[PDB]
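*Asks:* Chains as they are written, first to last, in PDB author numbering: chain 7, 29 to 241; chain 5, 31 to 257; chain 6, 29 to 257.
Beta carbons are placed, not taken as given, at the ideal position from N, Cα and C, and that holds for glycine.
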Amino acid sequence: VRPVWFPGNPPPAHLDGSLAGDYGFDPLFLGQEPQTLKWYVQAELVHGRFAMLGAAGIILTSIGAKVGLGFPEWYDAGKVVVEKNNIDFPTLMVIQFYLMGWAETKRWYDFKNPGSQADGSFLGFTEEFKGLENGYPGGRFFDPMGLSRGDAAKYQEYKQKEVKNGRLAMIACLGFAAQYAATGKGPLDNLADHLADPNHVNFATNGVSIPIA
Amino acid sequence: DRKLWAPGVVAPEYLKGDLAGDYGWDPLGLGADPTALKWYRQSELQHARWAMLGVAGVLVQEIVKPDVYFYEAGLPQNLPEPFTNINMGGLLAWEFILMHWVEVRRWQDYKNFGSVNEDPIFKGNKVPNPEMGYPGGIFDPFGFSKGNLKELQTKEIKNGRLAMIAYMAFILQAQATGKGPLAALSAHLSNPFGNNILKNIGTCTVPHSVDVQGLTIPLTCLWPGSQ
Amino acid sequence: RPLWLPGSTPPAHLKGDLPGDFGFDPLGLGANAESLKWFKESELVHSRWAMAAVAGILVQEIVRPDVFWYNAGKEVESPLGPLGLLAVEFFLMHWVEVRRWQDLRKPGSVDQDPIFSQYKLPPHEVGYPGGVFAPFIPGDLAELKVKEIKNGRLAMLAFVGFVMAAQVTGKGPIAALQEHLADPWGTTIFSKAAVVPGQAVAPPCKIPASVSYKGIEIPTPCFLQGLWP
Ligand code: CLA
Ligand code: CLA
Ligand code: CLA
Ligand SMILES: CC1=C[C@H](O)CC(C)(C)[C@H]1/C=C/C(C)=C/C=C/C(C)=C/C=C/C=C(C)/C=C/C=C(C)/C=C/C1=C(C)C[C@H](O)CC1(C)C
Ligand SMILES: CC1=C[C@H](O)CC(C)(C)[C@H]1/C=C/C(C)=C/C=C/C(C)=C/C=C/C=C(C)/C=C/C=C(C)/C=C/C1=C(C)C[C@H](O)CC1(C)C
Ligand SMILES: CCCCCCCCCCCCC/C=C\[C@H](O)[C@H](N)CO
Numbered sequence: 029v030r031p032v033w034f035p036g037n038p039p040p041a042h043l044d045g046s047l048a049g050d051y052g053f054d055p056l057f058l059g060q061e062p063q064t065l066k067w068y069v070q071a072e073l074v075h076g077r078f079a080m081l082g083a084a085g086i087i088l089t090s091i092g093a094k095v096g097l098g099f100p101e102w103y104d105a106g107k108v109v110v111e112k113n114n115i116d117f118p119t120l121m122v123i124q125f126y127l128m129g130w131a132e133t134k135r136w137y138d139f140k141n142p143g144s145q146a147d148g149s150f151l152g153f154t155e156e157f158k159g160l161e162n163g164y165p166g167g168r169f170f171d172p173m174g175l176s177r178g179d180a181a182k183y184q185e186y187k188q189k190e191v192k193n194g195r196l197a198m199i200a201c202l203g204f205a206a207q208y209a210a211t212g213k214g215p216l217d218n219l220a221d222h223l224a225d226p227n228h229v230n231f232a233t234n235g236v237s238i239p240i241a
Numbered sequence: 031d032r033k034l035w036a037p038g039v040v041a042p043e044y045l046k047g048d049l050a051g052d053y054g055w056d057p058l059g060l061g062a063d064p065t066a067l068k069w070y071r072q073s074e075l076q077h078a079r080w081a082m083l084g085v086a087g088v089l090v091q092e093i094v095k096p097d098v099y100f101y102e103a104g105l106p107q108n109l110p111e112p113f114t115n116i117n118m119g120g121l122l123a124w125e126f127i128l129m130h131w132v133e134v135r136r137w138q139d140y141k142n143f144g145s146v147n148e149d150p151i152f153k154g155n156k157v158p159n160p161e162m163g164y165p166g167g168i169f170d171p172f173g174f175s176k177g178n179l180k181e182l183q184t185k186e187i188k189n190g191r192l193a194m195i196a197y198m199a200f201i202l203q204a205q206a207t208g209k210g211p212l213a214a215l216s217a218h219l220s221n222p223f224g225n226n227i228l229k230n231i232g233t234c235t236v237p238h239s240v241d242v243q244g245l246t247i248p249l250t251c252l253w254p255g256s257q
Numbered sequence: 029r030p031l032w033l034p035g036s037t038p039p040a041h042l043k044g045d046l047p048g049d050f051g052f053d054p055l056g057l058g059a060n061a062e063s064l065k066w067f068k069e070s071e072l073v074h075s076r077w078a079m080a081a082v083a084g085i086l087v088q089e090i091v092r093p094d095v096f097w098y099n100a101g102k103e104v105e106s107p108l109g110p111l112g113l114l115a116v117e118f119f120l121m122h123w124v125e126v127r128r129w130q131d132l133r134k135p136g137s138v139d140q141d142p143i144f145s146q147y148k149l150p151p152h153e154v155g156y157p158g159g160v161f162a163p164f165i166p167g168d169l170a171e172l173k174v175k176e177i178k179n180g181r182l183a184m185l186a187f188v189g190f191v192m193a194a195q196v197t198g199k200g201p202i203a204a205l206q207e208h209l210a211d212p213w214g215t216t217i218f219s220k221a222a223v224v225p226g227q228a229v230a231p232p233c234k235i236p237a238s239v240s241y242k243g244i245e246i247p248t249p250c251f252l253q254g255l256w257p
């Protein structure tokens, strides 16, 4: 009925199309168990959201780098910020780990006991941490626009858009890493080199991707 | 029954002959979806009309102005007075605004049939619009639709298809030889065994790029010939 | 019924009740009742602020053609110090915004005058105070409300255009209008820049990166200059 990752192949039993972006792609059966699939769903959503933020930031910084704005590349921004501003790298790492630890720990214990964070033990906030579904934490803090509490069809469509954009951003980040390790320049520099000559500037002519070329 | 495109073939079940110019030709089956079929019919009508306008424009331009190349006629240095060396940005702005308005109206007519016939400023000025892609009224002031519209629409779609083929032939002829269709026809008539596609092919007269005032526009031929 | 797209089906959450309802919500940000109630006040405040700002910029340029509005906060000297002016503005604006916010969350709760117990605002809607705030109302209430929201939307887009034109050309609204009328085919944004697969040119930012205001170097950058076409 619904389209799958491999046309003609029947979709697995653990993938019935209830989740967003369900194409029945699981040849290794890593998510056959329900709890394991739940954990992997939250992991994929977090991965896609982080990948989306990273892809947007990398694209914007490379845009500012191509134009005469002085923006450093994404593979040198850390050194530029730490050396330009008197910022201690271990101190920043510890602060980031503290904030991420608090947020991810609350999220983890909410995954173990759904709705437990809504008891009011954190400054009295209750409905802001009640949670809607697995990997979809609705509330006035995470969703102040209230898009998750109205027009169910639009919400499901946005869920499909979010999972697809997340997978695309993950592939984009992997492409950024491979492009930097193979060509040595930024993603927009590679795009300009390819647009200048697409027949001779690609992965088949970089001299690194195809060793027999 | 109507005549099909191939002798002995069987026309598709979705092509019974209701629309004009239906030869029962659909090797890819792109007309299986009715919504997609209606959209493709509108797209074919737009392509047919635009191609007829382009073919007639190229021919009349080559007749009236035989020294101006239709391929390079888009340059600002080839525009006639008083539009010579005009800023192409404002020209693009004009075309974008007007074309965007009319195309949005046409698209809305396709999505919701008979919902944008009335003039939004002067009430009472509407168009009859019998079918999709056939507004009429102000668009057909001579009133030639009050008769046999089936054969007229058939002639329109057939002439449009011939014009589509003709304009693509014009593009490839100008890309391989570097001259207008009338000039290329005269050159072929001068020596048919010397000026044909057997020798003119493989050469792409279109340059690599063009510098229209400040920005550079990349150009290419339809085939990997010799630049 | 007037709509933002003739012959289009408006969204289910828009039934044409609120003023200026033209069935325009592709993202569905107004589907929720509470979100729509808050956004209505936000849009009203934005409308009035933008109308006041556009009128101020126009009168400022017409009366004073030598003072740039973008530089209005820089080349204006007053006996009242900038810190004192900021403190006065922060306290007064904080007081009025607190009263408005409390009326939003709790209607009919801050309509009473604290200094004098005899003054009190009459019952009204949220976002439309009335009473002392509306001494003269010439015309229909609903008609004037629709006119207010339409003028506010136009003023919001006008202020955005003012900022962008002042950042791209460095001229005021009247100056930009005259310059555009002088050479309309070459002074539009399409004439100033274009993007192609082989080249990406954008107009330069006429606003300096830093402004020396009493030796502090206030950064004044062009809004998303890297994303400029
Ligand atoms: C996120 C999608 C994506 C996109 C849009 C690009 C785009 C580009 N890549 Mg890249 N790449 C990607 C993913 C992507 N890549 C991934 C996941 C990897 C790891 C295997 C790489 C590894 C890679 C290398 C080593 C190189 C490039 C290079 C390039 C540039 C041109 C030459 C080329 O086509 O090489 C070929 C790219 C591939 C064979 C990767 C294709 C695999 C992905 C999954 C398909 C993406 C296609 C997408 C679905 C269709 C377009 C999306 C949309 C517009 C419709 C070009 C701008 C070259 C460069 O840097 O220019 C100098 C270069 O040498 N890429
Ligand atoms: C968004 C509202 C707004 C803002 C922030 C400004 C801000 C500014 N204006 Mg301006 N103005 C506005 C609206 C606004 N104006 C409107 C609507 C008009 C049309 C009547 C004007 C007409 C105007 C002129 C003619 C001039 C300015 C000038 C100035 C600058 C210095 C004047 C100053 O503040 O000293 C203090 C001002 C006074 C001490 C005068 C008394 C202030 C009265 C009593 C306050 C009125 C209260 C008001 C009715 C309440 C409505 C609130 C609502 C707008 C939110 C300054 C940056 C001057 C300038 O260009 O600088 C060189 C100048 O020449 N404005
Ligand atoms: C509020 C309506 C409005 C109006 C009347 C104008 C008018 C003008 N703009 Mg501006 N602009 C606007 C909004 C507007 N803009 C917005 C929202 C932005 C941010 C995207 C910009 C960004 C912008 C830039 C960067 C530039 C201009 C420039 C200009 C001037 C040159 C021609 C041009 O139109 O360029 C192009 C204008 C646009 C691409 C945006 C126009 C879109 C608006 C929203 C249309 C409003 C439609 C409405 C029915 C008509 C207004 C009513 C009117 C009859 C009173 C011109 C006087 C140029 C200039 O400075 O002059 C030298 C210039 O470079 N505009
Ligand atoms: C499904 C399945 C199942 C079956 O059974 C089997 C198989 C086949 C195996 C499979 C598959 C899988 C896969 C594909 C995976 C992948 C993933 C990824 C890629 C991720 C990423 C992911 C990615 C990510 C997160 C990323 C992120 C990023 C980021 C943050 C960034 C950041 C940054 C920035 C901004 C800039 C600066 O300057 C630097 C930094 C700091 C660096
Ligand atoms: C049906 C089907 C289906 C099945 O299933 C499959 C298959 C087989 C695939 C199919 C087929 C298809 C086809 C054939 C297609 C084709 C088309 C065309 C040709 C078009 C053109 C089309 C064409 C066209 C529009 C054209 C147009 C033109 C124009 C505008 C022009 C303009 C101009 C002129 C005047 C001149 C000047 O100087 C300049 C210019 C400006 C340049
Ligand atoms: C001048 C000191 C002002 C306060 C400084 C920060 C103190 C932080 C205390 C925040 C209070 C958190 C809990 C607040 C309300 C609780 O929900 C109720 N007391 C539970 O019944």
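Grab me the residues of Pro135 (chain 6)'s own chain with a C-beta within less than 6 Å of its C-beta, minus the 5 sequence neighbours each way, in chain order.
*Replies:* As a working mapping, residue 135 (chain 6) is identified with position 107 in the third sequence. Excluding positions up to five away in sequence, the list reads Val154.
*Asks:* Which residues of the segment 173–207 of chain 7 have a Cβ closer than 8 Å to any Cβ of chain 6? Give them in chain order.
*Replies:* So the list reads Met173, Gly174, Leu175, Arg177, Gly178, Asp179, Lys182, given in the order they occur along the chain.
*Asks:* Please list, in chain order, the chain 7 residues whose beta carbon lies closer than 7 Å to that of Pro225 (chain 6).
*Replies:* Along the third sequence, read from residue 1 onward, the residue named residue 225 (chain 6) stands at position 197. The contacting residues are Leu223.
*Asks:* Return the residue from the list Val110 (chain 7), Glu155 (chain 7), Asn162 (chain 7) that minimises the CA-CA distance to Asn141 (chain 7).
*Replies:* Within the first sequence, the letter at position 113 stands for residue 141 (chain 7). The shortest C-alpha separation from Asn141 (chain 7) is found at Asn162 (chain 7).
*Asks:* For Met198 (chain 5), count neighbouring Cβ atoms within 10 angstroms of its own Cβ and tell me buried if that reaches 16, exposed if not.
*Replies:* Here the question's residue 198 (chain 5) lines up with position 168 in the second sequence. Exposed: under 16 other Cβ atoms inside 10 Å.
*Asks:* Does the beta carbon of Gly214 (chain 7) sit closer than 8 Å to a beta carbon anywhere in chain 6?
*Replies:* By 1-based counting over the first sequence, the position of residue 214 (chain 7) is 186. No, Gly214 (chain 7) does not count as interfacial toward chain 6.
*Asks:* Could you list which residues in chain 6 have their beta carbon closer than 7 Å to that of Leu122 (chain 5), in chain order?
*Replies:* On the second sequence, position 92 is the one that residue 122 (chain 5) refers to. Correct list: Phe218.
*Asks:* Can you tell which of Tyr53 (chain 5), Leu89 (chain 5), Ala206 (chain 5) has its C-alpha closest to the C-alpha of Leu212 (chain 5)?
*Replies:* In the second sequence, residue 212 (chain 5) corresponds to position 182, counting from 1. For the residues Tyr53 (chain 5), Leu89 (chain 5), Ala206 (chain 5), the minimum Cα distance to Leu212 (chain 5) belongs to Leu89 (chain 5).
*Asks:* I'd like the ranges of any alpha helix (DSSP H) spanning at least 4 consecutive residues and lying wholly in the segment 136–215 of chain 7.
*Replies:* The qualifying runs are 180–210.
*Asks:* Rounded to the nearest angstrom, what separates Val39 (chain 5) and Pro57 (chain 5) at their Cα positions?
*Replies:* Start at 1 with the first residue of the second sequence, and residue 39 (chain 5) comes out as number 9. Start at 1 with the first residue of the second sequence, and residue 57 (chain 5) comes out as number 27. Approximately 11 Å between the Cα atoms of the pair.
*Asks:* Mapping the DSSP letters down to three states, classify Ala80 (chain 6) as helix, strand or coil.
*Replies:* Residue numbering aside, residue 80 (chain 6) sits at position 52 when the third sequence is read from its first letter. Note: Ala80 (chain 6) maps to helix in three-state DSSP.
*Asks:* Starting from the beta carbon of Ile91 (chain 7), find every residue of chain 6 whose beta carbon is closer than 9 Å, and list them in chain order.
*Replies:* Counting from 1 along the first sequence, the entry for residue 91 (chain 7) is found at position 63. Residues of chain 6 passing the Cβ test: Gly254, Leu255.
*Asks:* Taking Cβ to Cβ, would you say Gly52 (chain 7) is nearer than 8 Å to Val32 (chain 7)?
*Replies:* The residue labelled residue 52 (chain 7) in the question sits at position 24 within the first sequence. The residue labelled residue 32 (chain 7) in the question sits at position 4 within the first sequence. Yes, Cβ-Cβ distance for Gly52 (chain 7) and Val32 (chain 7) is below 8 Å.
*Asks:* Should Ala105 (chain 7) be counted as a contact of ligand 4 given a C-beta to heavy atom distance under 7 Å?
*Replies:* Translated into the one-based positions of the first sequence, residue 105 (chain 7) becomes position 77. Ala105 (chain 7) Cβ: within cutoff of ligand 4.
*Asks:* So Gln138 (chain 5) contacts chain 6; which residues on that side make the cut at Cβ distance below 9 Å?
*Replies:* Your numbering for residue 138 (chain 5) matches position 108 in the second sequence. Near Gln138 (chain 5) (Cβ distances below 9 Å), the residues of chain 6 are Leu33, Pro34, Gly35, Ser36.
*Asks:* In angstroms with no decimal places, state the Cα-to-Cα distance between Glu176 (chain 6) and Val73 (chain 6).
*Replies:* As a working mapping, residue 176 (chain 6) is identified with position 148 in the third sequence. As a working mapping, residue 73 (chain 6) is identified with position 45 in the third sequence. Taking the straight line joining both Cα atoms gives about 11 Å.
*Asks:* Quick check: the Cα distance between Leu56 (chain 7) and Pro40 (chain 7), rounded to an integer number of angstroms?
*Replies:* What you label residue 56 (chain 7) is simply residue 28 of the first sequence in a count that begins at 1. What you label residue 40 (chain 7) is simply residue 12 of the first sequence in a count that begins at 1. Between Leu56 (chain 7) and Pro40 (chain 7), the C-alpha separation is close to 11 Å.
*Asks:* When we look at the beta-carbon of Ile93 (chain 5) and count the other beta-carbons within 10 Å, is it buried (16 or more) or exposed?
*Replies:* On the second sequence, residue 93 (chain 5) is found 63 positions in, with the first residue counted as 1. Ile93 (chain 5) comes out exposed.
*Asks:* Any beta carbon of chain 5 sitting closer than 8 Å to that of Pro231 (chain 6)?
*Replies:* Residue numbering aside, residue 231 (chain 6) sits at position 203 when the third sequence is read from its first letter. For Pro231 (chain 6), the answer is no, since every Cβ of chain 5 falls outside 8 Å of its Cβ.
*Asks:* At a cut-off of 7 Å, would you count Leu185 (chain 6) as near ligand 3, judging by its Cβ distance to the nearest heavy atom?
*Replies:* To locate residue 185 (chain 6), count along the third sequence from 1; it is residue 157. The answer is yes for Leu185 (chain 6).
*Asks:* With C-beta atoms as the reference, is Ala197 (chain 7) less than 8 Å away from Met80 (chain 7)?
*Replies:* Within the first sequence, residue 197 (chain 7) is the residue found at index 169, counting from 1. Within the first sequence, residue 80 (chain 7) is the residue found at index 52, counting from 1. Contact flag set, yes.
*Asks:* So, is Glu89 (chain 6) buried or exposed, given that buried needs 16 or more other C-beta atoms within 10 angstroms?
*Replies:* Locating residue 89 (chain 6) in the third sequence gives position 61, counting from the first residue. Buried.
*Asks:* Considering only heavy atoms of ligand 5, does any lie closer than 7 Å to the CB of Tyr197 (chain 5)?
*Replies:* For the purposes of this step, residue 197 (chain 5) is taken as the residue at position 167 of the second sequence. Yes.
*Asks:* In the DSSP assignment, what residue or residues form a beta bridge with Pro247 (chain 6)?
*Replies:* In the third sequence, residue 247 (chain 6) corresponds to position 219, counting from 1. Beta-bridge pairing links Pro247 (chain 6) to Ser238 (chain 6).
*Asks:* Distance cutoff 8 Å, beta carbons only. Does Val146 (chain 5) sit that close to anything in chain 6?
*Replies:* Position 116 of the second sequence, counting from 1, holds the residue named residue 146 (chain 5). Interface residue, yes.
*Asks:* Determine, using beta-carbon pairs with one atom in the segment 114–128 of chain 5 and one in the segment 217–224 of chain 6, whether at least three such pairs fall under 8 Å.
*Replies:* Yes, the segment 114–128 of chain 5 is in contact with the segment 217–224 of chain 6.
*Asks:* Which residues have a Cβ closer than 5 Å to any heavy atom of ligand 6, listed in chain order?
*Replies:* This criterion selects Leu151 (chain 7), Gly152 (chain 7).
*Asks:* Which first and last residues belong to the beta strand (DSSP E) in which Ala228 (chain 6) is found?
*Replies:* Within the third sequence, residue 228 (chain 6) is the residue found at index 200, counting from 1. Its beta strand (DSSP E) spans residues 227–229.
*Asks:* So if DSSP puts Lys148 (chain 6) in a beta bridge, which residue, or which two residues, is it bridged to?
*Replies:* Looking up residue 148 (chain 6) in the third sequence gives position 120. Paired residue(s): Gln140 (chain 6).
*Asks:* Might you give, ordered along the chain, the residues of its own chain that have their beta carbon closer than 8 Å to the beta carbon of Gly59 (chain 5), omitting 5 neighbours on each side?
*Replies:* Within the second sequence, numbered from 1, the residue matching residue 59 (chain 5) stands at position 29. If we look at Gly59 (chain 5) and ignore the five residues flanking it on each side, its Cβ neighbours are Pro42.
*Asks:* Could you pull the DSSP bridge partners for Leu245 (chain 5) from this structure?
*Replies:* Numbered from its first residue, the second sequence carries residue 245 (chain 5) at position 215. DSSP output for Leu245 (chain 5) lists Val242 (chain 5) as bridge partner(s).
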